[PDB]
């Protein structure tokens, strides 16, 4: 079965690869800008991993109030060390994206709630979007970008997928993790269903889901919504 967290040497390796390849976060940062991210806002990043996005965002936007959340304590610890390494004061938090638990003080407070390359791992996708919309304030936006199931790739997209898999500088284990993460990723319609389910509970004034590739290097699923005011 699919595994949710990334732990131990897997996580150190995820952090080594990631923080050298900053370029590949640019797609996500650009969506945030399009989503209305701005100085002084409160931004919650669910499944924050080793903190790369947090370092990028604080560097670009020193004004932001950032809270990273991850289910893997090791990731939380790596992130804090990485923050210290970069001389930054960032809040990291142990937590499950599938529930508000441990984040009750953030309920209705985030200007933006976001997750990068993580929600495909969730056991209950609708619960992830539920947590996002409950954390975000009325009028605020949520953004998820995560992996698409292998069955929704067309021929050119799949060629690009295999080519991407080959061209990366990762080992046997980390190749398999990333491929397996697509084996178990939700389909496009699964994303649309999950977000629709979450919006039945917390109304949105806008929603949108699509698949493209604007820089990461394979197609990923974009899910955007704005909580109704």
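Residue numbers count along the first chain shown, from 1.
As the entry records it, the average C-alpha temperature factor is higher for 81-89, out of 141-149 and 81-89.
Taking the mean C-alpha B-factor of each stretch as recorded, 71-79 and 104-112 are not equal, and the higher mean is that of 71-79.
Per the PDB entry, 171 shows the highest C-alpha temperature factor of the residues 171, 193, 52, 45. Within the selection 188, 29, 165, 198, the deposited Cα B-factor values reach their highest point at 165.
For residue 176, the recorded CA temperature factor ranks within the highest third of the chain's modelled residues. When the CA B factors of the chain's modelled residues are split into thirds, the value for residue 222 lands in the lowest one. In the PDB entry, residue 204 places in the middle third of its chain by CA B-factor.
Ranked against the other modelled residues of its chain, the C-alpha B-factor of residue 120 as given in the entry falls in the lowest third.
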